[PDB]
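Novice: To start, I am sharing the structure in question, which I have written as structure tokens.
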Amino acid sequence: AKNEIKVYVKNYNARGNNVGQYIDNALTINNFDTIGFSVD
Amino acid sequence: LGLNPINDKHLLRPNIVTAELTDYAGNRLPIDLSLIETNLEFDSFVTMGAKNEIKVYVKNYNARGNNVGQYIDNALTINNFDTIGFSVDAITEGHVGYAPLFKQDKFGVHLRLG
Amino acid sequence: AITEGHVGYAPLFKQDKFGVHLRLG
Amino acid sequence: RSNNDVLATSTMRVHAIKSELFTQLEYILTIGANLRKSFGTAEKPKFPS
Amino acid sequence: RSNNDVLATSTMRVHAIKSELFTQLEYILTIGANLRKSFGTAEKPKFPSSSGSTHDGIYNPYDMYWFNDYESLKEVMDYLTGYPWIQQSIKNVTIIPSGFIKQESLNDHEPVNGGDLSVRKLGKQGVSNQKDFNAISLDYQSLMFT
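Going down the list, the protein sequences come from chains E, Y, V, P and Z.
FYI, the authors' numbering numbers position 38 of the first sequence as 379, with every residue one higher than the one before it.
Numbering-wise, the second sequence is residues 293 to 381, 462 to 486 according to the authors' numbering.
FYI, the authors' numbering numbers position 4 of the third sequence as 465, with every residue one higher than the one before it.
FYI, the authors' numbering numbers position 16 of the fourth sequence as 162, with every residue one higher than the one before it.
FYI, the authors' numbering numbers position 60 of the fifth sequence as 206, with every residue one higher than the one before it.
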């Protein structure tokens with residue numbers, strides 16, 4: 342439905358074992374390729 | 293916070309403790325604990341149906357109570373709600469927001485005590 | 462048609478907060 | 147609590163987390179037609195405002 | 147580790163690099179027509195409405211069709227050229243990285259229009275793999291090591 346991988350670092354800035362910043366500190370990927378086609 | 297409530301009230305200051313709200317979608321709210329007179333109470337200001345938006349504020353923040361403080365001028369404001377697509381004989465599309473967060477049980481407002 | 466309404470200070474007013482406020486500090 | 151009279155401090159960490167989770171959901175189906183009166187059929191359509 | 151009690155230091159350099167490389171790929175062919183029932187012919191066209199699936203808790207009015215081989219997708223992209231009124235309703239074909247889709251989020255190989263070809267509807271309510279990225283992760287020992 343929606344194409345996006347954001348990869349985070351586990352328990353960053355956290356005093357574990359709670360999650361830290363979780364995804365508020367993530368490298369976020371979503372410029373995926375789409376492919377063109379032809380029709381008549 | 294592991295603070296002794298009986299004689300450590302003078303330690304509720306930003307360089308010892310910090311509070312932040314987030315919806316894990318980039319909407320955030322920083323909080324300066326030196327400004328809550330005695331209670332970290334979160335109330336909200338939600339309008340629905342016609343316009344969908346929940347903004348959650350902190351009660352009497354920076355206030356010398358019992359007047360309201362910043363009220364909603366200091367609020368974590370939520371309104372990227374999901375809509376759902378359907379088909380007809462058009463195909464008009466759904467909008468995605470907090471959905472995949474919810475299938476991880478993280479759709480919600482979170483507080484980070486530091 | 463169904464031409465839509467615009468919302469601004471409305472839900473503020475149903476909480477009696479539609480108005481201009483002064484913060485003396 | 148406000149003055150800058152405090153000791154050099156550098157080691158803040160996310161100490162605890164509490165959260166009001168949205169556990170169940172509700173829905174508004176917002177359409178421009180009165181869903182609770184006669185539609186009709188394909189050949190004879192009615193459009194309740 | 148946090149205080150400013152450390153010696154004057156100036157000579158940082160990119161010491162090492164680890165990377166989780168996207169080695170193989172997968173494809174979602176996301177169109178607004180039910181690829182797996184009758185299209186018809188040029189003179190008598192039928193337009194099967196897209197059923198809709200639900201992945202990662204988002205309902206799609208469209209059909210999402212899975213492919214983990216280019217050739218598989220090509221064979222179907224080609225089969226589709228002979229039906230410009232069904233092909234008309236493609237939103238895109240996206241290229242994603244491998245191993246992010248759960249097998250039990252995929253229907254089995256159902257036949258296309260006729261068909262000689264099979265396509266796998268992606269739905270079944272399921273989520274994606276919340277992948278543990280390990281090629282790039284260093285446990286304590288391994289970190290201090292590297």
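Where is the CB? At the ideal position from N, CA and C, for every residue including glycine.
Please report the straight-line C-alpha distance between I242(Z) and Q170(Z), rounded to a whole angstrom.
Specialist: About 9 Å.
Novice: Compute the Euclidean distance between the alpha carbons of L268(Z) and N253(Z), then round it to the nearest angstrom.
Specialist: Straight-line Cα distance between these residues: approximately 6 Å.
Novice: Residues of the stretch 251 to 263 of chain Z with a CB closer than 8 Å to any CB of chain P: list them in chain order, please.
Specialist: From the stretch 251 to 263 of chain Z, no residue has a Cβ closer than 8 Å to chain P.
Novice: According to a CB-to-CB cut-off of less than 7 Å, which residues of the stretch 344 to 367 of chain E neighbour chain Y?
Specialist: Correct list: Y363, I364 and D365.
Novice: Relative to the alpha-carbon of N352(Y), which residue among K343(Y), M340(Y) and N366(Y) has its alpha-carbon at the smallest distance?
Specialist: Taking only the C-alpha atoms, the option nearest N352(Y) is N366(Y).
Novice: Using a 10 Å radius around the Cβ and a threshold of 16 neighbouring Cβ atoms, would you call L219(Z) buried or exposed?
Specialist: Answer is buried; the Cβ neighbour count reaches 16.
Novice: For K220(Z), report the span of its alpha helix (DSSP H) as first-last.
Specialist: It spans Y216 to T227 - the alpha helix (DSSP H) in which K220(Z) sits, taken as one unbroken run.
Novice: Please tell me whether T176(P) has its Cβ less than 9 Å away from any Cβ of chain Z.
Specialist: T176(P) does not count as touching chain Z.
Novice: Please compile the residues from chain Z whose C-beta is within a distance smaller than 8 Å of the C-beta of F373(Y).
Specialist: Within 8 Å Cβ-Cβ: nothing; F373(Y) doesn't reach chain Z, min ~13 Å.
Novice: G198(Z) touches chain Y at which residues, Cβ-Cβ below 7 Å?
Specialist: Correct list: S379.
Novice: Given 8 Å as the limit, is there contact between the stretch 172 to 181 of chain P and the stretch 474 to 484 of chain Y, that is, 3 or more CB pairs closer than that?
Specialist: These segments do not touch.
Novice: Just verifying my parser: in three-state terms, what is the DSSP assignment at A471(Y)?
Specialist: DSSP places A471(Y) in helix when its eight states are reduced to three.
Novice: Assuming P322(Y) is part of the beta strand (DSSP E), what are its boundary residues?
Specialist: Residues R320 to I323.
Novice: Just to confirm, is the Cβ distance from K164(Z) to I282(Z) under 9 Å?
Specialist: Yes, the pair counts as a contact, with Cβ atoms nearer than the cut-off.
Novice: How should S148(Z) be labelled, buried or exposed, when 16 other C-beta atoms within 10 angstroms of its C-beta is the threshold for buried?
Specialist: Classification for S148(Z): exposed.
Novice: Which residues in the same chain have their Cβ closer than 8 Å to the Cβ of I364(Y), if we skip the five residues on either side of it in sequence?
Specialist: Excluding sequence neighbours, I364(Y) sits near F337, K347 and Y349.
Novice: Using a Cβ cut-off of 7 Å, pull out every chain V residue sitting near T339(Y), in sequence order please.
Specialist: Under the 7 Å cutoff, chain V gives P472.
Novice: The stretch 311 to 331 of chain Y: which residues have C-beta closer than 8 Å to a C-beta of chain E, in chain order?
Specialist: For the stretch 311 to 331 of chain Y, which is checked against every Cβ of chain E, the residues closer than 8 Å are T314, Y316, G318 and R320.
Novice: What are the boundary residues of the alpha helix (DSSP H) that includes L289(Z)?
Specialist: First-last of the alpha helix (DSSP H) with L289(Z): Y286 to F291.
Novice: Quick check on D365(E): does DSSP put it in helix, strand or coil?
Specialist: It is helical.
Novice: Mind checking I177(P): buried by the 16 CB within 10 Å criterion, or exposed?
Specialist: Answer is exposed; the Cβ neighbour count stays below 16.
Novice: Taking the alpha helix (DSSP H) that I232(Z) belongs to, which residues open and close that run?
Specialist: Counting along the chain, the alpha helix (DSSP H) containing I232(Z) begins and ends at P230 to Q233.
Novice: Work out the CA separation of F279(Z) and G361(E) for me, nearest whole Å.
Specialist: About 18 Å.
Novice: Quick one: list the residues of chain Z neighbouring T157(P), beta-carbon separation under 7 Å, in chain order.
Specialist: Residues of chain Z passing the Cβ test: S148.
Novice: Let me check understanding here. Comparing Cα to Cα, which of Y216(Z), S288(Z), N275(Z) and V265(Z) lies closest to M210(Z)?
Specialist: Of the listed residues, the one whose Cα sits closest to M210(Z) is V265(Z).
Novice: Mind checking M290(Z): buried by the 16 CB within 10 Å criterion, or exposed?
Specialist: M290(Z) comes out exposed.
Novice: By how many angstroms is the C-alpha of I247(Z) removed from the C-alpha of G272(Z)?
Specialist: Rounded to whole angstroms, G272(Z) to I247(Z) spans 9 Å at the Cα level.
Novice: Name the chain Y residues whose beta carbon is nearer than 8 Å to that of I241(Z)?
Specialist: The contacting residues do not exist; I241(Z) stays about 20 Å from chain Y at best.
Novice: Helix or strand or just coil, what does DSSP make of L303(Y)?
Specialist: Correct three-state label for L303(Y): helix.
Novice: At a Cβ threshold of 9 Å, is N275(Z) touching chain Y?
Specialist: No - not a single Cβ of chain Y is within 9 Å of the one on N275(Z).
Novice: Have a look at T292(Z), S288(Z), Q276(Z) and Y286(Z) and flag the residue whose alpha-carbon is nearest the alpha-carbon of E345(E).
Specialist: When only C-alpha atoms are compared, the closest one is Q276(Z).
Novice: Which one of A342(Y), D374(Y), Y470(Y) and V468(Y) has the shortest CA to CA distance from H467(V)?
Specialist: That would be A342(Y), whose Cα lies nearest to the Cα of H467(V).
Novice: What does the alpha-carbon distance come out to for the pair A462(Y) and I232(Z)?
Specialist: Looking at the two C-alpha atoms, the distance is approximately 14 Å.
Novice: Tell me the rounded alpha-carbon separation between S197(Z) and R159(Z).
Specialist: The alpha-carbon atoms of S197(Z) and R159(Z) are separated by roughly 54 Å.
Novice: Would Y205(Z) and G261(Z) be called neighbours here (beta carbons separated by less than 9 Å)?
Specialist: Against a cut-off of 9 Å, the Cβ pair of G261(Z) and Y205(Z) comes out as no contact.
Novice: Going straight from the alpha carbon of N180(Z) to that of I376(E), what length do you get?
Specialist: Those two C-alpha atoms are separated by around 20 Å.
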